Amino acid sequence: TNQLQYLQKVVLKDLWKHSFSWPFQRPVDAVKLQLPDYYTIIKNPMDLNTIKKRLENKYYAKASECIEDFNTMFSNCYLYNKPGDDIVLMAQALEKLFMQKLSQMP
């Protein structure tokens, strides 16, 4: 709960306010984006609002488990999309920021 609080107040907050965060703020809306294959290819969907709601309602038992959700979020993007896709560049940049902030965790 020392570190979970970091991930809430610092990591999540900074990722959320970064301008690349917007595709990752809600779950993928497959109807609106017309991706009928998405939730078949991506079996463990994850997004920043889920991670937040999960912190807010104390779903996590350990910092490690919150970190793995962030990583699933990014790996989901890489699996569904292609190298050189705009969405993949955004995700890689958010991932860099993410590591940057992990380095400075308590």
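Rigid core: the largest C-alpha set superposing within 1.5 Å between the two forms. Just count from 1 along the sequence shown to find any residue number.
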* **Greatest C-alpha divergence in 8 other deposited structures of this protein once each structure is fitted on the rigid core, 4-12 or 96-104** => 96-104
* Between 75-83 and 33-41, which has the larger RMS C-alpha deviation from this form in 8 other deposited structures of this protein after core superposition? -> 33-41
* **Stretch with the higher entry mean CA B-factor, where the candidates are 92-100 and 20-28** => 92-100
* Determine, for stretches 41-49 and 61-69, which one has the higher mean CA B-factor as deposited. => 61-69
* Structure fact -> Among the modelled residues of its chain, the C-alpha B-factor of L55 falls in the third labelled highest
